[PDB]
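The structure appears right after this line, and notes come after that.
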Amino acid sequence: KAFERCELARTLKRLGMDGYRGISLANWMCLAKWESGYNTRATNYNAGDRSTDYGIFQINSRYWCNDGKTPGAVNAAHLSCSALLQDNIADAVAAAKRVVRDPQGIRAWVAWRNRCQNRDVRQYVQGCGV
């Protein structure tokens, strides 16, 4: 499913993402935009370490979800990577919350540092009614 900007912002709000671990809704929106273009079926294979990023938040198979084919794979969030390819984002949200419980927080995603950190991200939620 490819989400429309405001539709996604309200859905994240409803799932308790606004301010989770000090992270504003605007920042999660900035992250989803750059990671997947708000697309839940987005997958990215990393040839180098043989891991794959899955879903709207591009969650990595080496540490957070299990796909069976990732070398040296671990499971912190404990889900099947398949759960992160659904139209319903509840599991993807549960996984993203787990990722930011680590001290790095939202900095865990390099794309967040490149295009979201220390920038005005209001544009991602303006006019959405959140």
Side-chain angles (χ1 to χ4, degrees):
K1 170 184 191 185
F3 275 86
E4 297 235 316
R5 190 175 63 90
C6 293
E7 166 195 25
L8 175 67
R10 290 184 293 265
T11 293
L12 293 182
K13 194 168 197 304
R14 208 168 52 233
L15 300 166
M17 289 294 251
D18 195 11
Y20 186 86
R21 287 277 293 181
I23 305 166
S24 63
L25 188 54
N27 275 294
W28 289 112
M29 287 296 296
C30 187
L31 171 78
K33 165 77 182 65
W34 296 106
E35 289 298 336
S36 69
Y38 310 133
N39 185 2
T40 62
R41 61 153 33 234
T43 64
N44 172 58
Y45 179 66
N46 302 298
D49 70 346
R50 309 153 179 158
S51 65
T52 302
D53 300 308
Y54 297 94
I56 195 166
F57 291 119
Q58 289 291 281
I59 289 170
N60 192 265
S61 61
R62 178 167 299 297
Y63 313 104
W64 314 105
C65 69
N66 175 54
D67 73 359
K69 63 178 167 74
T70 299
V74 213
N75 212 24
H78 283 104
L79 291 160
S80 166
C81 294
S82 175
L84 302 172
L85 295 171
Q86 310 184 67
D87 280 351
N88 171 304
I89 65 171
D91 293 334
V93 158
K97 288 181 168 169
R98 169 57 185 99
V99 171
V100 306
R101 273 185 218 124
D102 284 16
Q104 218 176 349
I106 194 155
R107 287 174 164 61
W109 286 276
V110 187
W112 186 76
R113 287 130 67 149
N114 301 344
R115 45 237 314 170
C116 304
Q117 171 162 226
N118 309 154
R119 276 192 212 240
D120 189 52
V121 293
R122 300 189 211 107
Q123 64 192 293
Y124 298 101
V125 290
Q126 232 64 111
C128 301
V130 289

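Below, each value reflects all heavy atoms present in this structure, side chains not excepted, and no hydrogens, waters or symmetry copies. Nothing fancy with the numbering, it's 1 onward along the sequence.
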Flag side-chain contact, heavy atom, 4.5 Å: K33 against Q123: no
Whether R5 side chain and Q126 backbone form a donor-acceptor pair below 3.5 Å: yes
Spacing of CH2 belonging to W64 relative to CG belonging to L84, to within rounding of 0.5 Å: 12.5 Å
Any donor-acceptor N or O pair under 3.5 Å, side chains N44, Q58: no
Side chains of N60 and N46 in contact at under 4.5 Å (non-hydrogen atoms): yes
Nearest-0.5 Å distance, CZ of residue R10 to CG of residue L25: 11.0 Å
Residue that, paired with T40, satisfies side chain to side chain contact (heavy atoms under 4.5 Å, CB included) out of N88, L85, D87, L8: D87
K69 versus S61, side-chain donor and acceptor atoms under 3.5 Å: no
ILVMFWY network linking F57 to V74, side-chain heavy atoms under 4.5 angstrom: yes
Parallel, tilted or perpendicular: ring planes of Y20 versus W28, cut at 30 and 60 degrees: tilted
CZ (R41) with more than 12 external heavy atoms under 6.0 Å: no
Minimum heavy-atom distance between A108 and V99, given as atom pair plus value: CB-CG1, 3.9 Å
Shortest non-hydrogen contact from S80 toward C65: C-CB, 4.3 Å
Side chains of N27 and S24, donor plus acceptor under 3.5 Å: yes
For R113, side-chain contact (heavy atoms from CB on, under 4.5 Å) partners two or more places apart: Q104, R107, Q117
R122 versus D120, closest heavy-atom pair with distance: NH1-OD2, 3.0 Å
Distance, nearest 0.5 Å, that separates OH of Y38 from OG1 of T11: 12.5 Å
For the student: nearest non-hydrogen atoms of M29 and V125, plus distance: CG-CG1, 4.0 Å
Gap separating the CG atom of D91 from the CG atom of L79, nearest 0.5 angstrom: 5.5 Å
Over 12 non-hydrogen atoms of neighbours within 6.0 angstrom of CZ in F3: yes
Crowding at NZ, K13 (>12 non-hydrogen neighbours, <6.0 Å): no
Exam field: side chain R21 to backbone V100, donor-acceptor pair closer than 3.5 Å: yes
Gap between atom OH of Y54 and atom CD1 of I59 - 0.5 Å precision: 12.0 Å
Side-chain heavy-atom pair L12, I89 within 4.5 angstrom cut-off: yes
Which atom of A96 lies closest to which atom of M17, heavy atoms considered: CB-CE, 4.1 Å
Interatomic distance, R98 atom CZ to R101 atom CZ [nearest 0.5 angstrom]: 6.5 Å
Smallest separation among heavy atoms of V121 and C116, with atom names: CG1-O, 3.9 Å
